[PDB]
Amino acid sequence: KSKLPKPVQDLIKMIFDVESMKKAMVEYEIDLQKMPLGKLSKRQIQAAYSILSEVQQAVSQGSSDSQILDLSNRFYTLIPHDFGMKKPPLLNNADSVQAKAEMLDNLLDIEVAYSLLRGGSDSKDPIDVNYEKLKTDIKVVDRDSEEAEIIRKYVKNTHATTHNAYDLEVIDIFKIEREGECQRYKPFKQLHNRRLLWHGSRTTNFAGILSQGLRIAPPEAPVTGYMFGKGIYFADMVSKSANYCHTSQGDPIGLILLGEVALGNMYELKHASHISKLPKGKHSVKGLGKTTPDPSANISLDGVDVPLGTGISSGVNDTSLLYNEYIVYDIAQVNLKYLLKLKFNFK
């Protein structure tokens, strides 16, 4: 019944598939009898974040084993897991809290997506119904267009040497514009240094990402793992962001984003720092990597500089980063331009 293009139709089907939501939850070890998709709520994930933040402070303070156990038990009581024989992994370190926090980041977007799906008027094709739910215009970029060529070159060129486990294939290029996002970004368009950068996420998140845009982790969330504090992270290297799709031989198709990001005065940093407050004058944070995209090969797509230069070496050898990463701490500093459907070819 829907007049929408097949790639768009196929995209709506994909980002709203309830089975891949459950499949994610199962992989996460969650008890689906006690915690089914429906019972999953914003308030419990908020509460769970808060417990993880407590576990972090308990680790920082170097609190009692009794404390860390009761704290760990409280988390698993809130987010019921099912290991069968295996005893629940004790949350008593940075990696443990970071891990569970990232799970919650995902569960939160899953809740966003499932709620969106269940909500609204219940005629009109369901694929059309759900496309409208995303409040995002999705248009297909022609395979043989100047646009597509620029994008595919950026994908080919900024594919790292280290990420040699896969080969990326651009199945579909979508030109997207989220409802009201353009007006939101318009004041930050006045800022200098507007770059077109990569953002990779699990497919289960993309309904929420298109629905509410990219967002920053709440206050409740632990500051652990966020190398440069809670903000929106980006890469000039397709590989770096493609990693975050969590693709496999099983599910080799993943989704990536191209977004206009107003960086302005970048706070160029070598090593990790949980910022919270940026220095007076600065608008973003640039994690300086040992490998930088060729600056002498920077292109200008719609008056936005695309660093599609081949992976060359940067002068900094005294850094904890292998590649460049960019962080903004105001969600309006981003305007999403493209969504790419990539096929990961493993070896």
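Heads up: residue numbers just count along the shown sequence, starting at 1. Only the largest set of C-alpha atoms that superpose within 1.5 Å between the two forms is called the rigid core.
Asks: Between 171-179 and 216-224, which one shows the bigger average Cα displacement from this form in 5 other deposited structures of this protein once the rigid core is aligned?
Replies: Once the cores are fitted, 216-224 deviates more in 5 other deposited structures of this protein.
Asks: If the other structures are each fit on the rigid core, which stretch ends up farther away in C-alpha terms in 5 other deposited structures of this protein, 189-197 or 130-138?
Replies: With the rigid core superposed, the C-alphas that lie farther in 5 other deposited structures of this protein are those of 189-197.
Asks: Scan the PDB entry between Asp122 and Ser123 and report the missing deposited residues as one of none, 1 to 3, 4 to 9, 10 or more.
Replies: The entry leaves 1 to 3 residues without coordinates here.
Asks: Name the higher of the two by mean Cα B-factor in the PDB entry, 82-90 versus 162-170.
Replies: 82-90 has the higher mean C-alpha B-factor.
Asks: Between 9-17 and 319-327, which has the larger average Cα B-factor in the PDB entry?
Replies: Per the deposited B-factors, the answer is 319-327.
Asks: Name the residue from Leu196, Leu191, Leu210, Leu104 with the greatest C-alpha temperature factor listed in the entry.
Replies: Reading the PDB entry, the winner on C-alpha B-factor is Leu191.
Asks: Among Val55, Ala47, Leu40, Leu278, which residue carries the highest C-alpha B-factor recorded in the PDB entry?
Replies: In this record, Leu278 carries the highest C-alpha B-factor of the candidates.
Asks: Taking the values exactly as deposited, rank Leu257 by C-alpha B-factor within its chain and report the matching third: lowest, middle or highest.
Replies: It belongs to the lowest third of the chain when residues are ordered by C-alpha B-factor.
Asks: In terms of the CA temperature factor given in the entry, to which third of its chain does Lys139 belong: lowest, middle or highest?
Replies: According to the entry, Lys139 has a C-alpha B-factor in the chain's lowest third.
Asks: Report the third (lowest, middle or highest) to which the CA temperature factor of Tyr114 belongs, ranking only the modelled residues of the same chain.
Replies: For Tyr114, whose C-alpha B-factor we compare with every modelled residue in the chain, the answer is the middle third.
Asks: Would you mind ranking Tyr131 by its C-alpha B-factor against the rest of the chain and naming the third, lowest, middle or highest?
Replies: Lowest third, going by the recorded CA B-factors of the chain.
Asks: Is the Cα B-factor recorded for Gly231 in the lowest, middle or highest third of its chain?
Replies: Middle third by C-alpha B-factor.
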